[PDB]
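A structural walkthrough
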There are 2 protein chains.
Amino acid sequence: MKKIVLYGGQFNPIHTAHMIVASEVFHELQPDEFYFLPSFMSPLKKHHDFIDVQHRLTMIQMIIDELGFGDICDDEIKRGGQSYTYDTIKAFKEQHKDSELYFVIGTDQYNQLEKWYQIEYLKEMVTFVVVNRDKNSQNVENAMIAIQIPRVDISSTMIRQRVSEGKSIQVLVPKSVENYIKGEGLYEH
Amino acid sequence: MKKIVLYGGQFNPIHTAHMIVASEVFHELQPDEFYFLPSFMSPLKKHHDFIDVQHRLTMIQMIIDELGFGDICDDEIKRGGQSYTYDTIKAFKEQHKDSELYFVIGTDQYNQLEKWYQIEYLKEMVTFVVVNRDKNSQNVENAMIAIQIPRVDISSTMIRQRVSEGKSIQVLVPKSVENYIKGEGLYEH
Ligand SMILES: Nc1ncnc2c1ncn2[C@@H]1O[C@H](COP(=O)(O)OP(=O)(O)OC[C@H]2O[C@@H]([n+]3cccc(C(=O)O)c3)[C@H](O)[C@@H]2O)[C@@H](O)[C@H]1O
Ligand SMILES: Nc1ncnc2c1ncn2[C@@H]1O[C@H](COP(=O)(O)OP(=O)(O)OC[C@H]2O[C@@H]([n+]3cccc(C(=O)O)c3)[C@H](O)[C@@H]2O)[C@@H](O)[C@H]1O
Ligand SMILES: [Ca+2]
């Protein structure tokens, strides 16, 4: 009966398009809880210049402070290794029986979902919520939920690329995160 | 030799994509001055539900506060009527000779520049600076400047439409503008 939304990501760093996704899903679904779920290492991704965990969590808290909703689920950081969503959700669900689970992903992840670990079991445990990325609308099958957001082409890779070349990231992240990155020397080469 | 940028708009309301445009242009061209230039009534657009002029100026100043650069140029508000850019620039330039003038527009205005008043004369007085809108890349002729920005599909129409239907505009405008719209009851029906 309780509605719980989880939004998974490497969040390296979290940015203004992640904020728009979270805001739109939260206001459309009106869940009882909303969790940002930072991975330790997200599968299907290379983890190069691994800054460590405290920095990523701090910037996610700065987003929550500004949005005025949300919590961090640190299960994946505690577990370490490759962060397979099926392992996360199996454990989360038995700590929160009697609630409906919603897992938010963008278009890029939706299109490679057959490559996720234990995907047939995970699709029975959560309702996937898919937001449009690099296009203006997203179609899904009737078992899933599509949420249409204003299209915003910002990525974490773009942010790290800019910082390394000395280009501004003003607006692309909130002011708090911008000053944190500069202040801590994150992504500088 | 002094470099001056003007960024014209109806700004009804100013929003997060306008801030991205301004930030990208400012950091790329490093002008000596940067002016937000609000029109009274911009040509080639319908002006139904005309709010007080002071509301628009207040929201623009909140963007300036956040960005940390820029000033309002109120020339068109003082003049009233249809706000033809040729008239604006002819007057502005006779108060700022010895300066190079740059005028920022997005793709939609670029594509209809033949419909602008006295366009042949205006192209001699300013360098047009074009940012991509509704696409990822903008080509221009060699006399103009293209600045590539992260594509962000937010419009003022979107903002007004959301507000009227009771939909959230969180993140799509800054928090100060969001609370200002709500408290002044703007765009409510
Ligand atoms: N501009 C934008 N517009 C709309 N959506 C945007 C976006 N930028 C990122 N996104 C989305 O936000 C999210 C965060 O992106 P980013 O921080 O890169 O994170 P990402 O590496 O994309 O991982 C997203 C989640 O999927 C999980 N996953 C991925 C692959 C395999 C498996 C498995 O279990 O086998 C699990 C992963 O652990 C994590 O919880 C993603 O869903 C992404 O599509
Ligand atoms: N998401 C987005 N991404 C990239 N660019 C975006 C954008 N949203 C708006 N823009 C752009 O920002 C600007 C502000 O938009 P908005 O507030 O609607 O304003 P708008 O009505 O488009 O007017 C822009 C300027 O052009 C002038 N103009 C227009 C037509 C005819 C003539 C004439 O002299 O005959 C003069 C007008 O007076 C004003 O200074 C525009 O350049 C628009 O293209
Ligand atoms: Ca809590």
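Before reading on, note that the structure itself is shown above.
First, a word on what this report is: a plain description of the structure on this page. (Residues numbered from 1 in each chain as written, not as in the entry; some residues may be left out. Chains lettered and ligands numbered in written order. Heavy atoms only, no water.)

**Description of the sheet that holds strand β4 (residues 99-106) of chain A**
Residues and elements named next belong to chain A.
- Ordered in space as β3-β2-β1-β4-β5-β6, the 6 strands form an open sheet in which the pairing is parallel. Of all the strands in the sheet, the pair left with one neighbour each is β3 (71-72) and β6 (145-147).
- Relative to β4, strand β1 (residues 2-9) runs parallel, the two sharing 6 bridges. Considered in β4, the bridge of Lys 3 is made with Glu 100.
- Against the sheet, helix α2 (residues 53-67) contacts β2 (33-38) and β3, and its axis sits at roughly 155° relative to β2.
- Against the sheet, helix α4 (residues 85-94) contacts β1, β2 and β4, and its axis sits at roughly 155° relative to β4. (Pairing = 2+ DSSP bridges. Helix = DSSP H or I, 4+ residues; strand = E, 2+ residues; numbered from the N terminus. Contact = heavy atoms within 4.5 Å. Axes fitted to C-alpha atoms, helices over the stretch in contact; angles between N-to-C directions.)

**Focus: the coordination of the calcium ion (ligand 3)**
- The coordination sphere of the calcium ion (ligand 3), as far as protein atoms go, consists of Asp 71 of chain A (OD) and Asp 71 of chain A (OD), spread over 2.6 to 2.7 Å.
- In this fold, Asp 71 of chain A is placed in strand β3. (Donors = N, O, S within 2.8 Å, 3.2 Å for Na, K, Ca; no water.)

**What about the relation of the copies chain A and chain B?**
- Rotating chain A by 180° and moving it 0.0 Å along the rotation axis overlays it on chain B with an RMSD of 0.2 Å. Put plainly, the chains are arranged around a two-fold axis. Considering only C-alpha atoms, the part of chain A nearest the rotation axis is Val 152 of chain A, at 2.2 Å. (Least-squares fit on C-alpha atoms.)

**What about the pairing of strand β4 (residues 99-106) of chain B?**
Residue and element names in this part refer to chain B.
- Most of β4 sits out of view: 7 of its 8 residues are buried.
- As defined by bridge partners, β4 adjoins strand β5 (residues 127-131) across 5 bridges and the pair is classed as parallel. When the bridges of β5 are listed, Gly 106 appears paired with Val 131. (Buried < 20%, exposed > 50% of the residue type's maximum accessible area, 1.4 Å probe, protein only.)

**Focus on the pattern of salt bridges**
- For the structure on display, the rule yields 10 salt bridges over all chains.
- Salt-bridge contacts for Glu 24 of chain A lead to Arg 162 of chain B; the nearest nitrogen and oxygen are separated by 3.0 Å. Of the two residues, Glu 24 of chain A is situated in helix α1 (residues 16-29) and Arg 162 of chain B in helix α7 (residues 156-164); the pairing between them involves two chains. As far as the burial class goes, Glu 24 of chain A and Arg 162 of chain B line up, both buried. (Salt bridge = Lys/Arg side-chain N within 4 Å of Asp/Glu carboxyl O.)

**A closer look at the site of ligand 2**
Residues and elements named next belong to chain B.
- Around ligand 2, 27 residues are found, and the nearest of them are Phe 11, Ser 42, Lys 45, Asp 108 and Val 152.
- Between ligand 2 and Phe 11, the relevant distance is 2.9 Å, taken from an oxygen atom to a main-chain nitrogen or oxygen of the residue.
- Note that an oxygen atom of ligand 2 is positioned 3.4 Å from one of the backbone N or O atoms of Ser 83.
- Elements represented by at least two residues in the shell around ligand 2 include exactly β1 (2-9), α1 (16-29), β4 and α5 (107-110).
- Split into classes, the residues belonging to the shell around ligand 2 amount to 14 nonpolar, 10 polar and 3 charged. (Near = heavy atom within 4 Å. Polar contact = N/O pair within 3.5 Å; in protein donor to acceptor, adjacent residues only side chain to side chain. Nonpolar A, V, L, I, M, F, W, Y, C, P; charged D, E, K, R; others polar.)

**Observations concerning the sheet that holds β4 of chain B**
Residues and elements named next belong to chain B.
- Here 6 strands make up an open sheet; going across it, the order is β3-β2-β1-β4-β5-β6 and the pairing parallel. Sheet topology places β3 (71-72) and β6 (145-147) at the edges, where each strand pairs with a single neighbour.
- Where β1 and strand β2 (residues 33-38) come together, 6 bridges link them in parallel fashion. The partner of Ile 4 across the bridge, within β2, is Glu 33.
- Running at roughly 155° to β2, helix α2 (residues 53-67) makes contact with β2 and β3 of the sheet.
- The strands touched by helix α4 (residues 85-93) within the sheet are β1, β2 and β4, with β4 carrying the most contacts at an inclination of about 160°.

**Considerations on the packing of α1 of chain B against α2 of chain B**
Residues and elements named next belong to chain B.
- For the pair α1 and α2, the least separation of the axes is 11 Å and the interaxial angle reads 50°. When the interaxial angle is binned, α1 and α2 end up oblique. Handedness of the α1/α2 crossing: right-handed. Taken together, the residues of α2 that come into contact with α1 (itself represented by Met 19, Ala 22 and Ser 23) are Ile 63, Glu 66 and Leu 67.
- Grouping the amino acids of the contact of α1 with α2 by side-chain chemistry returns 4 nonpolar, 1 polar and 1 charged. (Parallel < 35°, antiparallel > 145°, perpendicular 65-115°, else oblique. Left-handed = near helix turned anticlockwise from the far one by under 90°.)

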